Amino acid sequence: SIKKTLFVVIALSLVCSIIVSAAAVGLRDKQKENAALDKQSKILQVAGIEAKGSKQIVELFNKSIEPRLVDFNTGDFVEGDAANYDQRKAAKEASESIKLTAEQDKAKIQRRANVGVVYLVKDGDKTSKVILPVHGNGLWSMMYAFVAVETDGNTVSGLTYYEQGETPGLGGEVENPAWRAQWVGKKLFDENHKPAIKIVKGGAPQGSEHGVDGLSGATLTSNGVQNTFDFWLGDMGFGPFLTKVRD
């Protein structure tokens, strides 16, 4: 009975889609807040601003943080929905992204968005520090981090890896608070402003400006972190923008 099969499949297909469509469209907004507060919790944590709870995070994020958009090819601010720009989606589309060459793609990121979002921290009506999203592939998965750089554009205030997939213990210590705290006070650039952040096998010399101890027995993941910064701390990453911040 062809008529019977068409009636049941068509009738079920529209109606089930209706329940699914109603659930997805209706709950999307609630999901939207949940996704936003997750990023705000990280930006505050690295900034050194303790916040806890949705009410505090939203109130404090608006008070202290001013998201902005930056064009990598020029290192200059652009106007847009900084609060909503999705660099991940942009990097996947040729309209708002470019494809990297083997030489340019040091961090193994296949593509780099034409515009990437930055966050400005303002102690008062002036920006006391800038937070830059940086990502690059390690040994096992893409690792995404936020890096809070002081007004100098060279000294780093905080680091946090908010998305990574690596073996806990050997290579997964990018989440370890002690290793992240070692970055505070470090210099992103050298005397001549070339990416200089270096991950040191065996331990950095005491007082090292750009020496962060690598993950013991985890050279491959430590190499990825170095590759992450060498792309973003350079001409095709945030290099041009930080030059403007620098002076």
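A residue's number is simply how far along the shown sequence it sits, counting from 1.
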Comparing mean C-alpha B factor in the record for 202-210 and 49-57, the higher one is 202-210
Among the modelled residues of its chain, the C-alpha B-factor of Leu242 falls in the third labelled middle
Of the three thirds of Cα B-factor ranks in this chain, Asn154 occupies the middle
Looking at the C-alpha B-factor of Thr101, is it in the lowest, middle or highest third of its chain? lowest
Hey, what third does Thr219 fall into on Cα B-factor, ranked over its chain? middle
Looking at the C-alpha B-factor of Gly136, is it in the lowest, middle or highest third of its chain? lowest
